[PDB]
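Just one chain follows, in the form deposited in one PDB entry, and it is written as structure tokens.
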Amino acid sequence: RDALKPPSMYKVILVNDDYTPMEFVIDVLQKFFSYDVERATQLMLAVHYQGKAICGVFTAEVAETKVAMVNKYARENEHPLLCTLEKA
């Protein structure tokens, strides 16, 4: 059913928490979004100070893989770090 034409795009959001180490979030940003350290740190800080930030905007499938991978990587490392998606 439905239609055609452009795909819907999705924002990948990182949410702030009080317990995930900053160093860890930086690592996530390099590892899963190809940020260098400089940009990664600034983005971590945007999250830290603003409570949430957009890490990237992607097609639905790419976005979901990022989110799934980010959250799995956080839990496996015993951090509550939450990554979520938003339709752009």
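Residue numbers here begin at 1 and follow the sequence given. We call the rigid core whatever largest set of C-alpha positions still superposes within 1.5 Å between the two forms. Residues that one form lacks are left out of the comparison.
Form deposited with a partner chain bound: not shown, discussed below.
- Mapping the unseen interface onto this chain, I54 falls outside it, with no heavy atom inside 4.5 Å of the partner chain in the bound PDB entry.
- For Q50, no non-hydrogen atom is located within 4.5 Å of the partner chain in the bound PDB entry, even though that partner is not displayed.
- In the bound PDB entry, the partner chain stays beyond 4.5 Å of every heavy atom belonging to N77.
- The closest non-hydrogen atom of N71 lies beyond 4.5 Å of the partner chain in the bound PDB entry.
- After superposition on the rigid core, residues whose Cα atoms move by 2 Å or more in a run of at least three fall only at 3-7 between the shown form and the other one.
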